[PDB]
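There are 2 protein chains.
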Amino acid sequence: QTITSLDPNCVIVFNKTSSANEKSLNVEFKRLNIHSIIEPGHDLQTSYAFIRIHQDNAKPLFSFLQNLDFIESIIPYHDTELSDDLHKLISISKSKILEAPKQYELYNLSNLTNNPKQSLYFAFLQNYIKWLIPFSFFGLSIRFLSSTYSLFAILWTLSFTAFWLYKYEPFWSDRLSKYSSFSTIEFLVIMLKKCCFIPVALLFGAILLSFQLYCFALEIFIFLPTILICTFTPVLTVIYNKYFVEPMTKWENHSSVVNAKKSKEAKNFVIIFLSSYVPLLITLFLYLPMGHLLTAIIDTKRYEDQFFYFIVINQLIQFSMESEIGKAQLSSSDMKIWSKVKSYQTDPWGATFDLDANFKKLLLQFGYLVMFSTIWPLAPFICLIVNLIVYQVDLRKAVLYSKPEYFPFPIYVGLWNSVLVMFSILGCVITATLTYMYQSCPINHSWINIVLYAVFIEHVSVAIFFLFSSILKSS
Amino acid sequence: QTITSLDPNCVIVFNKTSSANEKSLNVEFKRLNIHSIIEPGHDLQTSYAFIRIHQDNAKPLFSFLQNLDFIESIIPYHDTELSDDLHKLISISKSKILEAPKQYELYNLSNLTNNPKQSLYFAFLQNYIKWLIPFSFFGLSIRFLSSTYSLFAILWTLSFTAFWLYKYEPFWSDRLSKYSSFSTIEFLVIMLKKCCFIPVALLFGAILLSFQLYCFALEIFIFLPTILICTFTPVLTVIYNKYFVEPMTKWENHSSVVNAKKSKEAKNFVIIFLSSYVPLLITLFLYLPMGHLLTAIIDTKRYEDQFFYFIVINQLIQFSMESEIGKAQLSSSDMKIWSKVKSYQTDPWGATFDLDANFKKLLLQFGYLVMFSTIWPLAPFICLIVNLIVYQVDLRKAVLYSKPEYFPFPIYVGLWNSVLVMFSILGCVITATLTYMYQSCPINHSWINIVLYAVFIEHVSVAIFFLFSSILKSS
């Protein structure tokens with residue numbers, strides 16, 4: 003009997019440090035009902051115990067493991083049959099990627115893996131690409147042919170938010186929670214600590230807000259520092275939130291682990307939002323008026362290069378996100419399976435795709451699109467190209483390399512939804528204000565008129581969104 | 003066998019116009035399992051058919067009734083035992099009404115009647131009185147002793170709104186929907214017309230906004259016109275909503291009746307909201323600044362009398378809201419029961435209490451209190467007295483005279512919440528602006565400073581309300 007001949011539909015990996023305890027006895031005297039194999043793992047402190055599973059012996063095998071409390075992780079392995087279907091699906095998607103992804107392809111993927119988190123994110127990306135085709139087409143038309158553009162951006166942004174929040178997401182949430190199969194991730210008072218993070222986030226947020234400005238002037242005074263400042267700042271936020279964010283989560287010690295991580299990404303979001311949007315809004319509104327304010354030689358690069366520095370940081374997040407064999411006499415097929423399990427545990431790409439992380443780059447991109455479309459008409463087309471190429475790469479990495487986290491058969508968005516609504520409103524007001532100021536630019561109205569206009573647009577844009585939300589809720 | 007000897011736990015009143023058809027044959031050959039009596043009703047086209055009911059014969063009798071589709075209404079009558087229990091509860095409540103109403107009395111009433119609507123409204127009123135005690139105490143203290158009052162008003166308003174919306178309302182809704190007993194009320210494209218109501222509501226809204234102003238000057242030019263205008267304006271709004279609101283409701287022809295009623299009360303709320311608040315804010319913001327604007354002799358009555366006119370209208374709504407015997411040889415108790423049923427069918431006080439109407443009067447009082455507390459410190463105490471007396475009167479009228487709408491045993508808020516939230520936010524902003532304007536009054561700052569301060573207060577109040585909502589939802 004070989005590893006492949008067993009054809010494991012389930013993988014159990016348990017610590018080998020308890021060799022004196024020899025936990026392998028526990029997994030074998032309960033093995034009397036279904037066959038299993040054992041073979042030492044990647045390192046000297048782990049071992050791989052592949053076992054075949056079915057709906058009949060669904061409950062008891064996991065119930066014993068839960069009480070054992072020494073299994074390091076559970077891997078719902080794809081066998082040859084499922085993997086062949088996944089290969090066929092990816093080969094179909096690879097052909098003629100120019101066409102927009104279709105819902106039948108989405109349905110086939112959701113049925114194959116029955117993974118709620120994969121289906122939810124992939125639904126959003128296909129919807130975003132589909133709705134980005136018309137808006138980018140208008141952006142192409144306005145540039146070639148040449156106030157109408159501003160209103161289209163306003164209506165499209167609110168319509169996309171309204172449709173996703175209340176028309177498509179509820180259907181997908183019900184479909185994914187209807188499966189609600191065994192989740193190996195979940196298996197195996211907040212008023213005080215959460216409030217204290219806002220001031221320290223503001224404290225550090227203004228530090229790198231000024232730090233980016235100070236280092237920006239360094240390049241003017243001096257091409258190499260361009261890379262340095264766009265690599266040191268992401269390091270600075272990574273080192274800062276490692277010594278701050280996870281301490282706050284630890285000392286808040288919430289019972290549930292699923293919502294503890296969602297608080298971590300909320301804290302990680304406020305820093306990046308303050309360090310990637312507020313500088314953009316400040317620079318855009320203070321480029322021209324500062325000249326008539328008699329600053330302190355005035356140059357175009359204080360905003361062109363500043364824009365370049367901030368946008369390239371987001372594409373750096375995009376770029377970053379994108405003996406044993408001989409002893410066991412493993413055949414070629416077996417060695418492929420063993421290396422697959424090792425890649426699931428150690429290789430970063432073999433890890434489960436972080437739903438919060440992947441949604442983060444799509445949401446941050448959505449903010450940049452809406453809140454800077456009015457100044458760059460060709461921006462939507464650039465986003466559509468990036469989204470199409472990021473769809474195929476994320477699809478491939480999620481079905482062929484990403485760690486599966488839901489079993490074929492049952493065994494007994509959240510913050511980002513509110514972020515998208517906040518982004519849509521903020522993008523709406525910043526779009527109208529730019530149209531009301533830059534259309535006749558260096559400011560033709562005093563600051564009282566701009567602020568009053570912004571408030572009026574903010575309230576009406578809030579009103580229009582509820583009107584859209586009510587209409588979709590009725591159906 | 004007399005009427006009282008039957009002791010009806012259920013009353014069926016059916017149309018007597020079909021005397022040739024004589025539906026009484028149906029109600030008597032479906033009477034084969036439980037005893038019943040028949041006796042002619044108040045008028046020549048109605049008849050009263052009292053019947054005893056129990057959990058055993060619960061479904062089929064009502065199924066046959068709804069099949070007949072000629073019963074005019076269904077009355078879940080209170081027998082002698084239930085009426086005695088209600089009398090005892092009311093007698094207990096009447097003793098020492100000075101004390102704040104207690105939750106055990108509320109629980110006893112809710113268990114006695116099992117009426118979700120009565121329980122919900124009475125819970126809201128008791129909570130309002132309990133939360134109104136401390137604010138009125140602070141008002142009395144600030145009046146006797148002499156910014157702190159403004160901040161206390163803001164915090165109290167937001168805290169009460171959050172607590173009622175997310176701490177007590179869910180529990181009461183769950184408790185009332187757990188009963189969800191037989192509701193005789195329910196027994197027996211939307212954007213099209215509803216959006217068109219706003220412009221016509223604004224069209225008339227400015228008409229009586231100016232009409233109240235124009236008639237106000239008539240009194241100055243001239257005591258009787260006070261009563262004349264304060265009675266003509268409600269008549270005008272009533273006739274306008276009779277000739278406008280119900281046509282829109284009919285031509286929207288929504289399937290359900292409960293949401294048709296809620297939309298009707300929503301339409302009636304917009305007119306009264308505008309005509310009862312918009313003049314108040316306009317006068318409160320324009321009584322002093324108009325003098326330095328060189329109007330057209355200035356007096357105090359242009360604001361004092363206007364305030365009296367607008368306040369007295371609400372108290373007019375409060376004031377308004379607060405042969406057969408011989409032929410059948412009815413006994414004294416039989417005649418009492420028959421007259422009770424007649425008062426249920428015809429007497430206005432015998433009709434079901436309108437949840438929307440009473441909630442509307444309470445919400446208008448809350449809005450007035452929150453939006454004009456800062457200028458009249460003793461307003462909360464008058465509000466508390468009025469709420470206590472109206473609580474007593476409403477409790478008596480609901481438990482002794484109001485038409486029951488829920489059977490003892492099962493047989494198989509909405510808009511006002513958002514209204515309360517909006518009223519709380521508006522009261523917060525108006526109180527803060529009044530505190531920022533009147534503390535050094558005739559205006560020490562330009563309109564831009566006032567508008568910016570108002571916008572900032574509105575945003576921070578929305579933030580504080582959301583914070584309170586999140587804390588309350590956490591538990």
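Protein chains in written order, with PDB author numbering: chain A, 3 to 148, 156 to 197, 210 to 243, 257 to 330, 354 to 379, 405 to 494, 508 to 536, 558 to 591; chain B, 3 to 148, 156 to 197, 210 to 243, 257 to 330, 354 to 379, 405 to 494, 508 to 536, 558 to 591. Here a beta-carbon is modelled for each residue, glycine too, at the ideal position from N, C-alpha and C.
So for residue i, helix, strand or coil by DSSP?
i, result
"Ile131(B)", "helix"
"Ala60(A)", "coil"
"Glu41(B)", "strand"
"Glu195(B)", "coil"
"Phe581(A)", "helix"
"residue 556(B)", "Within chain B, residue numbering steps from 536 directly to 558, and residue 556(B) belongs to the interval with no atoms modelled."
"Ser49(A)", "strand"
"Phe489(B)", "coil"
"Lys589(B)", "helix"
"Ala570(B)", "helix"
"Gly509(A)", "coil"
"residue 244(A)", "Since the model of chain A includes 243 and then 257 but nothing between them, residue 244(A) has no atomic positions to report."
"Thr267(A)", "helix"
"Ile355(A)", "coil"
"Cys465(B)", "helix"
"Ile559(B)", "coil"
"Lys442(B)", "helix"
"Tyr494(B)", "coil"
"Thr4(B)", "coil"
Are the Cβ atoms of residue i and residue j separated by less than 9 Å?
i, j, result
"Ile374(B)", "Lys443(B)", "yes"
"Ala102(B)", "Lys132(B)", "yes"
"residue 203(A)", "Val15(A)", "Residue 203(A) cannot be located in this model; chain A continues from 197 straight on to 210."
"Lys32(B)", "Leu63(B)", "yes"
"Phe266(A)", "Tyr494(A)", "no"
"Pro259(B)", "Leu239(B)", "yes"
"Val304(B)", "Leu230(B)", "no"
"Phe66(A)", "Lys25(A)", "no"
"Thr166(B)", "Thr528(B)", "no"
"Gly43(B)", "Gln427(B)", "yes"
"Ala480(A)", "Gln47(A)", "no"
"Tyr175(B)", "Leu515(B)", "no"
"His56(B)", "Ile36(B)", "yes"
"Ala439(B)", "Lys485(B)", "no"
"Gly509(A)", "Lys358(A)", "no"
How far does the alpha helix (DSSP H) with residue i in it extend, from its first residue to its last?
i, result
"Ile219(A)", "212 to 242"
"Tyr321(B)", "Careful: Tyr321(B) lies outside any alpha helix (DSSP H) and carries neither H nor E."
"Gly408(B)", "406 to 410"
"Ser93(A)", "82 to 96"
"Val291(A)", "First-last for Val291(A): undefined, no H or E at that position."
"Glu101(B)", "Premise fails: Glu101(B) is in no alpha helix (DSSP H) and is neither H nor E."
"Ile370(A)", "358 to 378"
"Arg33(B)", "Here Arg33(B) belongs to no alpha helix (DSSP H), and DSSP marks it neither H nor E."
"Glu178(A)", "178 to 188"
"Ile457(B)", "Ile457(B) -> no alpha helix (DSSP H), and no H or E assigned at all."
Which residues share a DSSP beta bridge with residue i?
i, result
"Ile14(A)", "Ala51(A), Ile76(A)"
Starting from residue i, find everything on chain B with Cβ-Cβ shorter than 7 Å and list it in chain order.
i, result
"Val576(A)", "Those within 7 Å of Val576(A) in chain B number zero; the least Cβ separation is about 13 Å."
"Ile564(A)", "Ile564"
"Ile587(A)", "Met212"
Going along chain A in order, which residues have a C-beta closer than 7 Å to the C-beta of residue i?
i, result
"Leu568(B)", "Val567"
"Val571(B)", "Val571"
Find the residues of chain B that neighbour residue i, judging by a C-beta separation of less than 9 Å, and give them in chain order.
i, result
"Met417(A)", "Within 9 Å Cβ-Cβ: nothing; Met417(A) doesn't reach chain B, min ~51 Å."
"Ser590(A)", "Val210, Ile211, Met212"
"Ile520(A)", "Within chain B, no residue comes near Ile520(A); the closest Cβ sits about 12 Å away, beyond 9 Å."
Counting only beta-carbon separations shorter than 9 Å, does residue i have a partner in chain E?
i, result
"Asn23(B)", "Protein chains A and B are contained in the structure displayed, whereas chain E is not."
Could you list which residues in chain A have their beta carbon closer than 9 Å to that of residue i, in chain order?
i, result
"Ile559(B)", "Under the 9 Å cutoff, chain A gives no residues; its nearest Cβ is about 16 Å from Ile559(B)."
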